[PDB]
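**Q** Here it is: the structure, laid out below.
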Amino acid sequence: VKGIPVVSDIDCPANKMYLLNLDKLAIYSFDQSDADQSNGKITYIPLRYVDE
Amino acid sequence: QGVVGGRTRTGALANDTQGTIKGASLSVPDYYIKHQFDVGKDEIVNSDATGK
Numbered sequence: 262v263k264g265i266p267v268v269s270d271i272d273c274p275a276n277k278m279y280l281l282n283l284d285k286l287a288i289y290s291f292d293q294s295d296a297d298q299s300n301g302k303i304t305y306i307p308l309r310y311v312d313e
Numbered sequence: 054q055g056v057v058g059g060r061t062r063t064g065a066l067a068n069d070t071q072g073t074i075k076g077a078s079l080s081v082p083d084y085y086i087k088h089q090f091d092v093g094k095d096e097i098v099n100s101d102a103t104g105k
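Residue numbers (the authors' numbering), protein chains in the order written: chain A, 262 to 313; chain D, 54 to 105.
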């Protein structure tokens with residue numbers, strides 16, 4: 262719609278459509294890895310996602 | 054202390070007491086002056102990046 266992609270998903274509120282600015286919507290995670298030990302209990306696998 | 058009695062030149066040779074040696078015994082106690090604390094591992098990195 263005017264060059265704005267209209268990607269959809271199942272788990273989106275039903276009668277709504279969000280226009281998002283992805284250069285101004287961000288995900289922030291707290292990198293508390295530096296305070297981990299060096300034993301091996303913690304592993305930090307990066308999360309996997311699929312669009313289709 | 055070993056009490057000293059005394060005798061004549063040629064008198065008897067009766068004994069006289071000795072001094073007690075007691076074995077004094079202490080022990081490093083099974084106890085501690087301990088102090089423990091639980092930091093949030095989150096707080097360690099957060100404060101390292103945020104403390105004034």
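Using N, Cα and C, we set each Cβ at its ideal position, and we do this for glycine too.
Going along the chain, which residues of its own chain have a beta-carbon closer than 8 angstroms to the beta-carbon of D/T70, five neighbours each way excluded?
**A** Here the set comprises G55, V56.
**Q** Looking only at its chain, what residues have a beta carbon closer than 6 angstroms to the beta carbon of A/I303, apart from the 5 residues adjacent to it on each side?
**A** For A/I303, where only same-chain residues beyond five positions count, the Cβ hits under 6 angstroms are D297.
**Q** Could you check how far apart the C-beta atoms of A/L280 and A/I265 are, in whole angstroms? I think they sit under 8 angstroms.
**A** With 8 angstroms as the limit, A/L280 and A/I265 qualify as a contact, their Cβ atoms being about 7 angstroms apart.
**Q** Do you know whose CA, among D/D95, D/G58, D/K87, D/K75, lies nearest D/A67's CA?
**A** Ranking D/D95, D/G58, D/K87, D/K75 by Cα distance to D/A67 puts D/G58 first.
**Q** Short check: CB of D/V98 to CB of A/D292, under 8 angstroms?
**A** Yes. Within cutoff.
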